[PDB]
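Student: show me how the following folds:
(3 chains)
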Amino acid sequence: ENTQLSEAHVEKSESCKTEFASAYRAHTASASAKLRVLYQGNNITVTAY
Amino acid sequence: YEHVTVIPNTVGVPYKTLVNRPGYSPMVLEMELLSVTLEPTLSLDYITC
Amino acid sequence: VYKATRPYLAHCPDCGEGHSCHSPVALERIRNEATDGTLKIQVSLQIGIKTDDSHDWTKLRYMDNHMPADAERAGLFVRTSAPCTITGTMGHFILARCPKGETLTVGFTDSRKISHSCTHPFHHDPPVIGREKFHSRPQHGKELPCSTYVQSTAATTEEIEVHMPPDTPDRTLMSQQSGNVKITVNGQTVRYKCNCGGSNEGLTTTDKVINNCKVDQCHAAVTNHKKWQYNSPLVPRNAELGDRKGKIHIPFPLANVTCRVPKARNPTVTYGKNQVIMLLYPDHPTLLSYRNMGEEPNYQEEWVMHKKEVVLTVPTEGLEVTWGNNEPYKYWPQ
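Tutor: Numbering: from 1, shown residues only, chains lettered A, B, ... in the order given. Now the structure:
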């Protein structure tokens, strides 16, 4: 008449803060631009969308 | 037993569905919108003030 | 924290020669999340702590029958198929670099010069860091992301669950007084339960007698309501208290670090009309990948094992080819 109650459940490993993958919903991308222009014997940088 | 029905997407309206499993007494289930949710993925461009 | 906690005896399936025992070096859990191959081992004993709770790296404390006892740190060993290199020890935790194996053994030598060990089946064959299977760690090389259990004795992030310890069953406490049960405490606190009537239950500090009861119908155990113990699945829960538990920080947490490692070469290249021909001579498995630099990239990849000639089409938009760890080659038609 003696009984043993065995109990168990599943959780995030200690590694979850360091080793993880993120699942994202990606939508409507914002396009941005820049570039190199040889202007008046000098190189100028233009960054634009 | 899988009971399949279709209700209009209208909140605050109680709908009655008759579950008829063959050889078993009929079962009436009342269903009323719970609170569906459409959460879009947001990407902050800027804030204004 | 070691003033509240204690080393303990727990079930071990193999204490030597394949026989199970109540081990003072019982294996709880082996962690192998570290990509560098470091193993974080949890045992029933406490390393670097003496019986008086003082910290001493040359000492180890284990449960000797009813009371904890001191042992030497030098006598502590870890082995798989061959001996392991112990990198760090603190409390219930051991850090070790082990060779390939199918079992894991943790042991020590007690005060009486008696060796104690615990063997658990554990498949150890750590994966390669990078693209080269090397033996010794270099001072200089390619810096690659890897995880390790930090050798810092400090306990700040990771934790374990703790609760009141259990009792030690001892049948010698009970004796047959003519045709009754005689429980002799001998200056100890004994928890007793008899399959009889009257005062058949109690946490006694004095001698007790159970008349019209048989010695086989009774259960006796020495206790000590004054301590914490790891929430071990190898030790029973305290029957009196419910889901009562505490928590303590543990040494050697897993952290993201850098592992130092190595590199590669260039195939014989010939050309044709909108076509590139490469004579690949790999010294080891080398990944070959390619894509068109237009609207339809059509990414293709293959692991090149030995001597192989590859014929690739170079479109107007251009072709990008990556051969192993080399920077991508770019090709365009004339």
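Student: OK, contacts around whichever residue of chain B sits closest to chain A?
Tutor: Using C-beta to the nearest C-beta, the closest approach of chain B to chain A is made by residue B:41 at 3.9 Å. In this view, the C-beta of every residue, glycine as well, is placed from N, C-alpha and C. Contacts for residue B:41 (C-beta atoms under 8 Å, 6 or more residues apart in numbering or on different chains) come out as A:24, A:25, A:26, A:27.
Student: find the nearest non-adjacent residue to the second one, please.
Tutor: This means residue A:25. Distances taken as C-beta to C-beta, 6 or more residues apart in numbering or on different chains put residue B:41 closest to residue A:25, at 3.9 Å, once the chain neighbours are dropped.
Student: the one you found: what secondary structure?
Tutor: Secondary structure for residue B:41, judged by DSSP: H, G, I helix; E, B strand; the rest coil, is coil.
Student: okay, it and residue A:24: tell me how far apart.
Tutor: Noted for residue B:41: a distance of 8 Å to residue A:24, by C-beta to C-beta, to the nearest Å.
Student: write out the residues of chain B neighbouring chain C.
Tutor: Counting by C-beta under 8 Å from any C-beta of the partner chain, none of the residues of chain B come close to chain C.
Student: which parts of chain B are strands?
Tutor: For chain B, the strands defined by DSSP state E cover B:15-19, B:27-31.
Student: residue nearest the middle of the chain, spatially speaking?
Tutor: No chain was given, so I picked chain A. For chain A, the residue nearest the mean C-alpha position is residue A:22 (6.6 Å; C-alpha atoms, centre = their mean).
Student: switch to chain B, that's the one I care about
Tutor: Residue closest to the average C-alpha location in chain B (C-alpha atoms, centre = their mean): residue B:33, at 5.1 Å.
Student: that one reaches residue B:11, doesn't it?
Tutor: Yes. If you go by C-beta atoms under 8 Å, residue B:33 and residue B:11 touch, sitting 3.9 Å apart.
Student: please identify the most buried of the strands of chain B.
Tutor: Of all those, strand B:15-19 has the most neighbours on average by mean count of other C-beta atoms under 10 Å in any protein chain shown, namely a mean of 12.
Student: would you give the sheet partners of it, along with the direction of each?
Tutor: Strand B:15-19 has the following strand partners under DSSP bridges: strand B:27-31 (antiparallel).
Student: near chain B, which residues of chain A show up?
Tutor: Contacts of chain A with chain B, taken as C-beta under 8 Å from any C-beta, map to A:24, A:25, A:26, A:27, A:28, A:30.
Student: report the separation between the fourth one and residue B:43.
Tutor: In this structure, residue A:27 and residue B:43 are separated by 8 Å, where distance is defined by C-beta to C-beta.
Student: residue A:13 now?
Tutor: In terms of C-beta to C-beta, residue A:13 sits 30 Å off from residue B:43.
Student: repeat that for residue B:24.
Tutor: Residue B:24 sits 52 Å away from residue B:43, going by C-beta to C-beta.
Student: again, but for residue B:14
Tutor: Using C-beta to C-beta, residue B:14 is found at 39 Å from residue B:43.
Student: so how far is stretch A:32-45 from its chain's centroid?
Tutor: From the chain centre to the centre of stretch A:32-45 is a distance of 31 Å (C-alpha atoms, centre = their mean, to the nearest Å).
Student: list the buried ones in it?
Tutor: Going by neighbour count (16 or more other C-beta atoms under 10 Å in any protein chain shown), nothing in stretch A:32-45 comes out as buried.
Student: kindly export that stretch (C-alpha atoms) in PDB.
Tutor: Extracted in PDB, the C-alpha atoms of stretch A:32-45 (Å, rounded to 0.1, in the frame of the first residue of the first chain):
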ATOM      1  CA  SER A  32      16.900  53.100 -49.000                       C
ATOM      2  CA  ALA A  33      19.900  54.300 -51.000                       C
ATOM      3  CA  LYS A  34      23.400  55.800 -51.200                       C
ATOM      4  CA  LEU A  35      26.700  55.800 -53.700                       C
ATOM      5  CA  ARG A  36      30.200  57.100 -55.000                       C
ATOM      6  CA  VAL A  37      30.300  60.100 -57.400                       C
ATOM      7  CA  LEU A  38      33.600  61.500 -58.900                       C
ATOM      8  CA  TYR A  39      32.500  65.100 -58.700                       C
ATOM      9  CA  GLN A  40      34.900  68.100 -59.400                       C
ATOM     10  CA  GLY A  41      38.000  65.800 -59.100                       C
ATOM     11  CA  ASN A  42      36.800  64.600 -55.600                       C
ATOM     12  CA  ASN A  43      34.900  61.500 -54.500                       C
ATOM     13  CA  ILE A  44      31.500  62.200 -52.900                       C
ATOM     14  CA  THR A  45      29.300  59.700 -51.100                       C
END
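Student: contacts for it, please.
Tutor: The contact list for stretch A:32-45 (C-beta under 8 Å, 6+ apart) reads A:46, A:47, A:48, A:49.
Student: so which of those are in strands?
Tutor: The members of these that map onto strands under DSSP E are A:46, A:47, A:48.
Student: buried subset of these?
Tutor: Taking 16+ other C-beta under 10 Å as the criterion, nothing in the ones in strands among the contacts of stretch A:32-45 is buried.
Student: of all these, which comes closest to residue C:203?
Tutor: Closest approach to residue C:203 among the ones in strands among the contacts of stretch A:32-45 (C-beta to C-beta): residue A:47, at 77.1 Å.
Student: for the closest one, give me its contacts.
Tutor: For residue A:47, the contact set (C-beta under 8 Å, 6+ apart) comprises A:32, A:33, A:34, A:35.
Student: distance check, the residue of chain B found nearest chain C against residue C:152.
Tutor: Nearest residue of chain B to chain C, counting by C-beta to the nearest C-beta: residue B:43, 25.3 Å away. Taking C-beta to C-beta as the criterion, residue B:43 is separated from residue C:152 by 39 Å.
Student: now do residue C:17
Tutor: For residue C:17 relative to residue C:152 (C-beta to C-beta), the value is 38 Å.
Student: same check, this time on residue C:168
Tutor: Noted for residue C:168: a distance of 35 Å to residue C:152, by C-beta to C-beta.
Student: element containing the residue of chain A found nearest chain B?
Tutor: Using C-beta to the nearest C-beta, the closest approach of chain A to chain B is made by residue A:25 at 3.9 Å. Counting by DSSP states H and E, there is no helix or strand that carries residue A:25.
Student: count of residues packed around it?
Tutor: 8 (other C-beta atoms under 10 Å in any protein chain shown).
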